[PDB]
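Heads up, the chain below is alone and in the form deposited in one PDB entry; it's given as structure tokens.
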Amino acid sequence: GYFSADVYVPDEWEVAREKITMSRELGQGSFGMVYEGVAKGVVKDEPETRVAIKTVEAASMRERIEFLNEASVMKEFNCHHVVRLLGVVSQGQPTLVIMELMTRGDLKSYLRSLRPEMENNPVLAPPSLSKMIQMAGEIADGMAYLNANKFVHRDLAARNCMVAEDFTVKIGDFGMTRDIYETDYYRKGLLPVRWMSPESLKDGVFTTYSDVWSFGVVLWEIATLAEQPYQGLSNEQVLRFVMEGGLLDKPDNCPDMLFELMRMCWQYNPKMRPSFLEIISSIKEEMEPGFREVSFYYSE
């Protein structure tokens, strides 16, 4: 005959609704509206914590179940450089998922906000080597953690990183900016072709080594303040260019070292690319002191 129905099963992440409050709306995701707020007793030794609250009500039960199970993916991760899931409210409506708040948003958006506006007003200078490296190492650390946890990301990109209040960069909540930056995708399956390794453009397979490639592109993103890679090239022309050993250009005024890093990631042969761990090792001396205390890299 056959094999039989999708459910959500409450667990230890279940949090009491009356412990949650919402205020400022941050935007809207696929499943519904996303708010900022306060959660009580969801971080150890913190009476109260600022959080992000993703909501589904209107919505069908199939839908909210699927939003529940998808968000839950984040439950198996505990890393300073990966955006946390703090709780779930699945009992009653509306359906809630409580996440770590990243006040400064997705990295692509943060990066763009640093672009000088077209007025006559004084402006902060472009990010320094040092700050840029700090971001690279935080991102790399989250990726290393993910890798060691048997994960392949497949969509590593600035849009898929977030930025905390203290400027700490982290691997973003999975799948939260795809639709928003829709032009960053191409239906080769909607895929982020400008971030893709040559091997992945060929056979459609993703590895940690193709996550490194994309990391290279994320660094380029930082250096250009979130320009579209292969700017002038059509989607199709990108495939050929990249598969044929083509490479992104050293950005105007990009420090040598950051470009060197990018360069090591964009090596054609995946087996010649540094691992995430190796990447961090090459730049640890440049990292803010506190990285020893918080990073996966330096941990047991």
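Start at 1 with the first residue shown and count on from there. Think of the rigid core as the biggest set of C-alphas that the two forms share within 1.5 Å after superposition.
- Compared with other PDB entries of the same protein, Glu221 is present in all of those that resolve the residues around it, none of them, let alone a third, dropping it.
- Modelled in this chain, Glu76 is likewise resolved in all the other entries of the protein that span it on both sides, not missing from even a third of them.
- Per the record, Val56 and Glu57 are separated by a gap of 1 to 3 residues from the deposited sequence that were not modelled.
- Per the record, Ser4 and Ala5 are separated by a gap of 1 to 3 residues from the deposited sequence that were not modelled.
- Remark: stretch with higher mean C-alpha B factor among 115-123 and 164-172 is 115-123.
- Relative to its counterpart among 175-183 and 195-203, 175-183 has the higher mean temperature factor, C-alpha atoms as listed in the PDB entry.
- Across the options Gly92, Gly216, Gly105, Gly142, the residue with the most elevated CA B-factor in the record is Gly92.
- Compared with the other modelled residues of the chain, the Cα B-factor recorded for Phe296 ranks in the lowest third.
- When all modelled residues of the chain are sorted by CA temperature factor, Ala71 is found within the highest third.
- Among the modelled residues of the chain, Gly41 sits in the highest third by CA temperature factor in this PDB entry.
- Annotation for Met22: CA B-factor lies in the highest third of the chain's modelled residues.
- In the deposited entry, the Cα temperature factor of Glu14 places it in the highest third of its chain's modelled residues.
Another form exists, deposited in another entry; not displayed. Remarks below refer to it.
- With the rigid core aligned between this form and the one not shown, only one of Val38, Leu233, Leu247, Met257 has a CA shift of 2 Å or more: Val38.
- Once you line up the core between this form and the one not shown, the Cα of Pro10 ends up 2 Å or more from where it was.
- With the core held fixed between this form and the one not shown, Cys79 has its Cα displaced by under 2 Å.
- Here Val163 does not count as shifted, since its C-alpha moves by less than 2 Å between this form and the one not shown after the core is aligned.
- Annotation for the pair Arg154/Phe174: C-alpha atoms approach each other in the other entry, by 3 Å or more compared with this form.
- A decrease of at least 3 Å in the separation of the C-alpha atoms of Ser30 and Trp195 is found in the other entry, compared with the displayed form.
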